[PDB]
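K.L.:
For reference, the structure I am asking about is given below.
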Number of protein chains: 12
Amino acid sequence: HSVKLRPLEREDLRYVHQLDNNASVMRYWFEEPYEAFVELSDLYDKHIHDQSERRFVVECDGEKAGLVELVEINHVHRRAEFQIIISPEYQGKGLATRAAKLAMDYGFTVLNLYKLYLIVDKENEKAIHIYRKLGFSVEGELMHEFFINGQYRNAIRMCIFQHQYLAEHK
Amino acid sequence: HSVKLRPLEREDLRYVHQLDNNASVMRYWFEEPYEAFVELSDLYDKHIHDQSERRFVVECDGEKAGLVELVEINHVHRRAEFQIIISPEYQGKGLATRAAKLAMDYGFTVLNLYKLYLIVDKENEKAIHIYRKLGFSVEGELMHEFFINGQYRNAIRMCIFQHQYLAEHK
Amino acid sequence: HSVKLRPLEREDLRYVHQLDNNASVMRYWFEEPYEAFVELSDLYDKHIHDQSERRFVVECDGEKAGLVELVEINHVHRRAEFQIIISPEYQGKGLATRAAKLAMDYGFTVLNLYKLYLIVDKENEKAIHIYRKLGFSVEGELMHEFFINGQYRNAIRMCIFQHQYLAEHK
Amino acid sequence: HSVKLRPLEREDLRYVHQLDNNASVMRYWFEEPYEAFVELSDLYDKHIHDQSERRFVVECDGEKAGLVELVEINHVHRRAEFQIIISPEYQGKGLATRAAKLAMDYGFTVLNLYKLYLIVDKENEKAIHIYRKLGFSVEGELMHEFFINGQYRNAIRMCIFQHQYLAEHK
Amino acid sequence: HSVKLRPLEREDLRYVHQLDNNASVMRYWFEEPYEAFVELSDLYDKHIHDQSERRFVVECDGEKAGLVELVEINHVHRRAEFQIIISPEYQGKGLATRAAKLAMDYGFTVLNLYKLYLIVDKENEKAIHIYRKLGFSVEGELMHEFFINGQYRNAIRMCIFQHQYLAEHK
Amino acid sequence: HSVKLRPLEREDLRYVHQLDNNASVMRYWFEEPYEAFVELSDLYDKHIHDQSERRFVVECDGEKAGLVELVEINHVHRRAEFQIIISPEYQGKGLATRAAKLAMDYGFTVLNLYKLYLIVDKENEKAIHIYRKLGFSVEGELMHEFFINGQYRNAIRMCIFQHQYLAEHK
Amino acid sequence: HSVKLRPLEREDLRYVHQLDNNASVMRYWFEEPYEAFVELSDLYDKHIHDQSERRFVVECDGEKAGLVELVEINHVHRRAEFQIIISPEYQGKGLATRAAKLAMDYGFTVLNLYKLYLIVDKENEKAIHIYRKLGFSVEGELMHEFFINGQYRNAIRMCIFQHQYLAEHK
Amino acid sequence: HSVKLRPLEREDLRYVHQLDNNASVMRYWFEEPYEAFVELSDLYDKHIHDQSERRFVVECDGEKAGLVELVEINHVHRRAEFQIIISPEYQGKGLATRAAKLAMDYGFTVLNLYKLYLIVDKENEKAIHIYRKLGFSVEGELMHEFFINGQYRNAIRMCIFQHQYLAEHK
Amino acid sequence: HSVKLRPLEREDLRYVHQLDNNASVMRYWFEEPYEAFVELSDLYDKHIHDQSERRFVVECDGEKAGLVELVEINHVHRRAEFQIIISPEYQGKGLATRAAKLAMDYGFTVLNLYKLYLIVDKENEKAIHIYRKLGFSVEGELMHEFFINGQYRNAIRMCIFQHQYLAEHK
Amino acid sequence: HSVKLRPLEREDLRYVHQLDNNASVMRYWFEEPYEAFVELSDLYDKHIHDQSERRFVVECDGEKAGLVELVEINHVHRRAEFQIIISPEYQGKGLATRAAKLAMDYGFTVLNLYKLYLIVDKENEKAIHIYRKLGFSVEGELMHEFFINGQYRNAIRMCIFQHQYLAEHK
Amino acid sequence: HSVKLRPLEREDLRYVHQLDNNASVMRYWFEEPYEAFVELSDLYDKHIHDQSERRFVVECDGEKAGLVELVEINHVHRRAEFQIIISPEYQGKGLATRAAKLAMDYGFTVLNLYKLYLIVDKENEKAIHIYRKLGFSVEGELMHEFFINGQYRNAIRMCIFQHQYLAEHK
Amino acid sequence: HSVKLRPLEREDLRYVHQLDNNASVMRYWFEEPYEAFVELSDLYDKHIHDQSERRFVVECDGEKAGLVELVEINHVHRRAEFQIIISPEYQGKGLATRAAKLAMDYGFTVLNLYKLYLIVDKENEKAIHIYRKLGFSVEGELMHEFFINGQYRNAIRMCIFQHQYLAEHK
């Protein structure tokens, strides 16, 4: 019932490593489902002081439940890309939505961003719902933007703005 | 009348430097018109072995006339982004068209890419016309994607595919 | 009720870690409430020989009750910024006031500072109460200095001088 | 009659080194008037990739006339601090006002900042006139912020906002 | 009988170590059968961010039964070399065939490869059997390519293409 | 009328940089025709002590006429791969044949290799003639090994052996 | 009853850290009473091979009792500064005197120094006694040489020479 | 007749080098008259960002005439030491007096120091007179503090305070 | 009864360290009988990627029994030096011979060497036997090639060739 | 009573540490009796590959009884310095004599030295006794070579040659 | 008529480079006639402090005429190897004889070596004669020790001892 | 007629390189006569900050005439070793004696040493005369200390003391 964000810590990397090798999950991020731990580790150390990203762990009643990240934070144009995952066992309990709100909250109320966008698979109508109902609207359809498990996929670019998130939950 | 592409060389940097500090030119690339030469020289050296990009100078009858760049070269998804600049005194001679073709030829016939794409200002009605001619179609309207010169702008994402290009200029 | 300052130690960083991710508390320091433990470590290591700061742990009967720091120590102009935090579980016991005067003592009678200054949220009445009983005057109001949790905030700049401190404490 | 900003280049550094040793001028930036060339040089190199500043040369008809800088560019809070020097022999010809707006134009239309601010000596009424004329409003008086040439000195913090500047210039 | 690929991990290297000193097995990879554990470690560390290879562990009911790898991944020409090994104690159970098709799957449907090729000993009939049932054609015979255990050996170069794989597996 | 091999020196590199950007020539080495001078330069330096290759310049009467290289020199298996370019303006005068035997002489009489091999485009019948004439025999046809100028291309692997070459030349 | 000197070891640093944070004790050395362990540690490693100092631990019957150091050992002018501390619990038992003798002994009989000097607070008549009775005589009174707990203090410079220590205890 | 102080520059080192190898000059600073240029060049580069010192060249009518140095700049205790040299051919023109004043002005009005001090030879009856004129009083007689030219010497420590100086040259 | 070779591992170095300090044993390798562990260790790490040597441990029924190394592996001239030791307690049981055969085997059947040579003490008629009976013949007598336990010793150079080892055991 | 030399090992350094702070013993090596364990470690590490020295532990029935060393090993002039120490608790048992001859053996029959020499305190009669029974002649008396514990000392330089050693020991 | 040896200098490298790429010369040293200048320059810098070798240029009447080298200088066993080259245009004037003598003089009278040795081609009947004259005797016939120019060669190892040389040219 | 010491500068090094290759001269310093310029150069750089030596050039009327050095400057024992060379063409004019006293003056009056010593060849009676004349007394005869030009040689150690030199020269 209670749902929070906290930073991805070094001691959380074992959890990330499992997700990042789950093809069913990684295909949603359009991420190649292959990661040796040492690669993960060496890249997390490399980005410690990278100010263009914030990676979070999602906790549902003190349990690790998924991942939210904000990436490509650009501060002159005031925008970033948003991306999220819920562990397979924590799925279908409302979490994506609750955790997406926390993210946007952080983008708009902490990072002082103007825009948030995301990319989703055209076929992922479940997720597109979540985002339409959150107030994201479609700004692009990228044809064949990704080759995933055997074929080209189309990607939907959705976004939402600061003044609109802020108006809607004030 | 004679127009080629060659790699951007150390000795070309000075010419790039003047362009990179031209607000009216740099607005086309959504690119902050500030650059100290030592920053350009450094980032050029940093990227020497960077396989994800190819930087070219456009030559017209042996004279330097602008710049083409394929960037974000992703070889799993077989795509790249392309950008182009014709220096102010060479504008009005058809060179951009000629350079796009040279660029498309490059990524399609040399790099074995499947998809090329570009980002233009929604208000750039000239260039947007030049690419529809060339086969590109619109795949997104990036809204307020860039803060340029005092206000946010919209960017048109336009793409073309290898099959299109190969089939056509056979 | 024994109260004293000691330097911030490596073995205290986990304690600092919790407070740095505590949004309620970070908001008043005007600090983004996000910190991975590895970021906090690297920075504390980076700063070990920085002579422009002094970070203390506040101890109450030996158990560790908050943080107080003098940063931006400039000895030519002989001034520093003061920041204090009392951990929630230790609030409302007269600790801030006490820690604050230990800090003021330290800056005035060890560092030989002429001027001590601080920045507070205009809405932070309990802190301002505490600073005025300590003797600080308001020198400035900084308009929209910080975007905190959804909106621009106003910052009060308060200060106090060596002769106003030394001529009160014998 | 013609006035421009360009970036501070490596080869402008001997011109900076002269001003930075000129005590009547440096007193207006609250800056100790002592700088070996090799110190300037090393600090310029250290900052080449520092995205928190932008240093410009002021040109008047193709001549080095002065310096304007935005520094402490903080992009979450969307502010920076502004400073300007006009060379003695180029003083009294109107250039401070020009380069100032040129620079404000930059912070507001290019860097997308929300607030620009500045510190002036309480007795430098010329400058204070120029900045008032230009839209800046007083927000603080830092008492005895700087010990300069033999005595403590009071600095006035003045600001301006994007909406104010953009309002007044489109 | 559950069978799957995961990346080669540091904690697997001891397992790799045994196989690399096993002459009977190394002979077919055309690999000198000598490896100190420190050589294997340094090289595995050296290669962590090499994107030209993917090394997998083959798992049978979770217990680790062999190795399969795609090396020389070239994405311009969109090809890679395939090598497989099934540990002795796990041979003759239909594991190679299965692992091999998981690898082919991976190269064809994740890496977006056009061509997969391998090199086998002409005398290695059980491997050639296995490759022909998988669909590979012989493209070359390499005369005296390797000196293995006392004499020059002949290598068969077999290959298979994306459209021959994708148009078999639905 | 006079023909020699000498080593590729640092000061021959601008001559190499021209050929390496000449697309009609580079297509015959299956090599992307794009090379900034600083990339060539850095890669030459990286390989100075690389004992796995030997690069030569072809001289004709004291003039740079072309390039011949042995690479992938593998000494346990006693083989290397051979490649040659003759400059366009020096073509059709018999030099390929000379430098080729000069180079083979080197692999066989100096480096003590057992096998020399080479890749040719299935349609480059000139070269194939030269290599047949010279003793090389076909051993493979790599189908669609290279995507070059717009299409996949077939490469013919040809070899020769020490005993064959030494037989035929003492 | 038995009293010796031994070198300050790494494993003694925890003891030094406590003294170095005791304001009552550090004020006698005119040393700012603030030291994070890591600073102490990083400075002790930095000075391991520094031939201009010798730091000792003072043992009273095998117990850690205080610190003696000889610093600024200059060997052309043949002198060094001497400084000492006795833990508060080991005070008033004769130790300062016994340990000062051991120090001088080391200066004069081991290091072959000509002069030893020390600095003490004008008010520290207890210590001045110890040193007058040891044969040190006053060579300076440095007015306001130190700012300590809230005000300027005068420092007494005392010294003694090799021939005189040696004559006196021979 | 015209006399200023400026920072010691790389290009000044040669002049310093000649002075630093003059026994009759260097005896004034208690300074071994040996220095290879490469040692001076190195120690100069080592100290570039050394905040505890400021080195000046004394100029008389644009010509280099000697050297001033504030060293041991301690900002907690607000003091520094000063030293001065007038090159042999400029002696007898009052320049040292003029340089001390320039130096005192520097540390008192720019550096905000509380106490300046210097060390002279007891036999230097000239200079010792020049500083009593200037306000300095004697605060120690350093006995046999330096071995110079065959015998130990006594040094007079002389000091002046900010209040004295400021009050006097107002 | 069963006898094998395996690579010298890091965890075998303690065993090597004992042999390498046994003067009776080291005198046979003409090696100075003195080795600190850290030297051994630092040299084994230094040579990990040295392709000119292979060091083996000799196991007799799973027990560490001696050392065989092949060194100075030269691949153009196709030869290497061979050297061997049997622990004193494992001596006189046939091991040298069995282990020498394994070595030669590796030289000739794995490393594809043409020649193997060795050096032995003229007096070591026991060992010379082993090698004559293995088919090694004498190619040199190096007079006074080594100073060993108190005097010059003559060394016998023996060798054997690939075709001859191979013929003899086929 | 078994007596032998082994090299000085890292795990012996604590044993060396005690002796290096033992003034009674250090005086005869003319060694300052001060050593922090970290200094001893760094230096032992620094010297690992120094081939100009050999440091031994002296073992008596396996338990470690002293130190013997050959330093300043010069092989052109074929000489070295000899130093020995027997730990107090192990003195007066004929150990020095024995260790000394093991060392002499080592230098003469392993290192192939022509000359061995040592330096002793003129007052060190028991050492001189021991060296004369070993066969060393006095070659020099060094006047006031060392200042040890309060006074200049006189050093005897003794030596012995390969032919005086080898023609005594058979 | 006048002939000396001097050290090989950086400025000599070019001359060495030409020799090192002369097959007919380099065959004498069993040395692959390939060398890029940058490799020679690098290996020269690598060996600057390499005590095991001395490289000389042979000068005849001030003109460079060839090269001598003492390598594998082993000072325990007191031996080295020597090699010599007379450049083609200086051959036939007795210079090699003269250079060997200069070389022998060097290792015997300067380096205190006991044994010098060299390796010649069995077919080099000239030089083999020159060294028998000089005192050298044959101590091995290295069979097929080098693969040169298409076939294996035999090398004659020849040596001379210090006593011989000293006794003779006294 | 005029004679000076100055420091050995970087630009005196070619003059040193000539003497260091002159065998008649170097034999008098017991120094192998072989030195590549780059070795001298690197060793000079390595020693720039080495406080244990001081190297001087001898000038005669503004000309390089020779070299004098103090080395092994040991300041606890207050000694150094002294060496001198006078150039051949500047020999026999009295300069050795001058530069010698100049140098002794330095060790005794500047560096405050207690003892200066020197090694001479037992047959260099010139020098021995000069040093006797000058105050030096014999203290040892090192038998067969150096193998120089073909034979062992005896060195005479001579010293002098500060009190002796200062006595004799004030």
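Ordering of the structure tokens sets the chain letters (A, B, ...), residue numbers begin anew at 1 in every chain, and ligands are numbered from 1 in the order given.
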Leaving out stretch 135-143 of chain D and any residue of its chain fewer than 6 positions from it, which residues lie within 6 Å of it when counting only C-alpha atoms, given as a list in words?
P.N.:
residues 139, 140 and 141 of chain C; 154, 155, 156, 157, 158, 159 and 160 of chain D
K.L.:
Would you pick out the contacts of residue E:92 at 12 Å or less, using only C-alpha atoms, so that residues sharing its chain but fewer than 4 positions from it are not included, and give the list as a list in words?
P.N.:
residues 65, 86, 87, 88, 96, 97, 98, 126, 127 and 130 of chain E
K.L.:
Residues of chain I within 9 Å of chain E, counting only C-alpha atoms - could you list those as a PyMOL selection string?
P.N.:
chain I and resi 6-10+45+48-49+54+105-106+108-112+166
K.L.:
For the residues in the current selection, export N, CA, C and O atoms as a PDB file, in the first residue's frame.
P.N.:
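Below is the file that was written, out_7.pdb:
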ATOM      1  N   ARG I   6      50.639 -29.148 -15.728  1.00  0.00           N
ATOM      2  CA  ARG I   6      49.678 -28.044 -15.658  1.00  0.00           C
ATOM      3  C   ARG I   6      50.361 -26.690 -15.472  1.00  0.00           C
ATOM      4  O   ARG I   6      51.529 -26.616 -15.102  1.00  0.00           O
ATOM      5  N   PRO I   7      49.637 -25.599 -15.755  1.00  0.00           N
ATOM      6  CA  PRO I   7      50.306 -24.272 -15.660  1.00  0.00           C
ATOM      7  C   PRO I   7      50.696 -23.903 -14.251  1.00  0.00           C
ATOM      8  O   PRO I   7      50.010 -24.288 -13.312  1.00  0.00           O
ATOM      9  N   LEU I   8      51.795 -23.168 -14.109  1.00  0.00           N
ATOM     10  CA  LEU I   8      52.161 -22.572 -12.808  1.00  0.00           C
ATOM     11  C   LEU I   8      51.132 -21.492 -12.500  1.00  0.00           C
ATOM     12  O   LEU I   8      51.026 -20.500 -13.251  1.00  0.00           O
ATOM     13  N   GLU I   9      50.388 -21.721 -11.425  1.00  0.00           N
ATOM     14  CA  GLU I   9      49.378 -20.797 -10.930  1.00  0.00           C
ATOM     15  C   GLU I   9      49.930 -19.918  -9.810  1.00  0.00           C
ATOM     16  O   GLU I   9      50.902 -20.281  -9.117  1.00  0.00           O
ATOM     17  N   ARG I  10      49.287 -18.782  -9.595  1.00  0.00           N
ATOM     18  CA  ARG I  10      49.608 -17.889  -8.456  1.00  0.00           C
ATOM     19  C   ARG I  10      49.681 -18.700  -7.148  1.00  0.00           C
ATOM     20  O   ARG I  10      50.606 -18.591  -6.368  1.00  0.00           O
ATOM     21  N   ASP I  45      53.690 -11.883 -11.794  1.00  0.00           N
ATOM     22  CA  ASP I  45      52.683 -10.917 -12.326  1.00  0.00           C
ATOM     23  C   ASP I  45      53.190 -10.169 -13.544  1.00  0.00           C
ATOM     24  O   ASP I  45      52.436  -9.932 -14.482  1.00  0.00           O
ATOM     25  N   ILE I  48      52.807 -12.575 -16.793  1.00  0.00           N
ATOM     26  CA  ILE I  48      51.542 -13.220 -17.048  1.00  0.00           C
ATOM     27  C   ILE I  48      51.220 -13.271 -18.555  1.00  0.00           C
ATOM     28  O   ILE I  48      50.805 -14.341 -19.067  1.00  0.00           O
ATOM     29  N   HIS I  49      51.415 -12.135 -19.250  1.00  0.00           N
ATOM     30  CA  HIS I  49      51.071 -12.038 -20.670  1.00  0.00           C
ATOM     31  C   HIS I  49      52.285 -12.152 -21.562  1.00  0.00           C
ATOM     32  O   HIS I  49      52.203 -11.829 -22.739  1.00  0.00           O
ATOM     33  N   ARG I  54      56.421 -20.657 -21.063  1.00  0.00           N
ATOM     34  CA  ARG I  54      55.351 -21.407 -20.468  1.00  0.00           C
ATOM     35  C   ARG I  54      55.942 -22.096 -19.287  1.00  0.00           C
ATOM     36  O   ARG I  54      56.937 -22.819 -19.421  1.00  0.00           O
ATOM     37  N   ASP I 105      56.907 -32.846 -25.921  1.00  0.00           N
ATOM     38  CA  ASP I 105      55.606 -32.969 -26.515  1.00  0.00           C
ATOM     39  C   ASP I 105      54.948 -31.606 -26.711  1.00  0.00           C
ATOM     40  O   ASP I 105      54.454 -31.297 -27.788  1.00  0.00           O
ATOM     41  N   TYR I 106      54.966 -30.788 -25.659  1.00  0.00           N
ATOM     42  CA  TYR I 106      54.323 -29.469 -25.711  1.00  0.00           C
ATOM     43  C   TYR I 106      55.049 -28.535 -26.675  1.00  0.00           C
ATOM     44  O   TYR I 106      54.430 -27.898 -27.524  1.00  0.00           O
ATOM     45  N   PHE I 108      56.750 -29.367 -29.302  1.00  0.00           N
ATOM     46  CA  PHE I 108      56.723 -29.817 -30.685  1.00  0.00           C
ATOM     47  C   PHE I 108      55.331 -30.023 -31.186  1.00  0.00           C
ATOM     48  O   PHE I 108      55.050 -29.714 -32.352  1.00  0.00           O
ATOM     49  N   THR I 109      54.442 -30.527 -30.333  1.00  0.00           N
ATOM     50  CA  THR I 109      53.066 -30.773 -30.798  1.00  0.00           C
ATOM     51  C   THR I 109      52.080 -29.660 -30.522  1.00  0.00           C
ATOM     52  O   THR I 109      51.110 -29.523 -31.266  1.00  0.00           O
ATOM     53  N   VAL I 110      52.319 -28.867 -29.471  1.00  0.00           N
ATOM     54  CA  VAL I 110      51.455 -27.671 -29.203  1.00  0.00           C
ATOM     55  C   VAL I 110      52.034 -26.336 -29.730  1.00  0.00           C
ATOM     56  O   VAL I 110      51.389 -25.642 -30.507  1.00  0.00           O
ATOM     57  N   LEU I 111      53.245 -25.989 -29.308  1.00  0.00           N
ATOM     58  CA  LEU I 111      53.876 -24.703 -29.695  1.00  0.00           C
ATOM     59  C   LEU I 111      54.415 -24.655 -31.135  1.00  0.00           C
ATOM     60  O   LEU I 111      54.799 -23.577 -31.615  1.00  0.00           O
ATOM     61  N   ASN I 112      54.436 -25.813 -31.815  1.00  0.00           N
ATOM     62  CA  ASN I 112      54.924 -25.954 -33.212  1.00  0.00           C
ATOM     63  C   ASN I 112      56.317 -25.440 -33.381  1.00  0.00           C
ATOM     64  O   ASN I 112      56.637 -24.768 -34.353  1.00  0.00           O
ATOM     65  N   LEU I 166      59.054 -36.236 -33.396  1.00  0.00           N
ATOM     66  CA  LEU I 166      57.797 -36.687 -34.003  1.00  0.00           C
ATOM     67  C   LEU I 166      57.885 -38.077 -34.654  1.00  0.00           C
ATOM     68  O   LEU I 166      56.995 -38.914 -34.478  1.00  0.00           O
TER      69      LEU I 166
END
K.L.:
Assign secondary structure with DSSP using the backbone only, and return the residues of stretch 1-154 of chain I in alpha helix (DSSP H) as a PyMOL selection string.
P.N.:
chain I and resi 13-19+23-26+37-47+95-105+125-134
K.L.:
Per DSSP on the backbone, filter stretch 2-122 of chain B down to the residues in strand (DSSP E or B) and report them as a ChimeraX atom specification.
P.N.:
/B:3-7,54-60,63-74,79-86,115-121
K.L.:
At a cut-off of 9 Å, using only C-alpha atoms, what residues contact residue H:53? Leave out same-chain residues fewer than 2 positions from it and give the result as a PyMOL selection string.
P.N.:
chain H and resi 47+50-51+55+69-73+80
K.L.:
Rounded to one decimal in Å, what is the spacing between atom CA of residue H:162 and atom CA of residue H:114?
P.N.:
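Those two atoms sit 5.0 Å apart.
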K.L.:
In Å, rounded to a single decimal, give me how far atom CA of residue G:77 is from atom CA of residue G:101.
P.N.:
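So the answer is 21.8 Å.
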K.L.:
Please, what distance in Å, to one decimal, runs between atom CA of residue H:2 and atom CA of residue H:66?
P.N.:
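It comes out at 13.8 Å.
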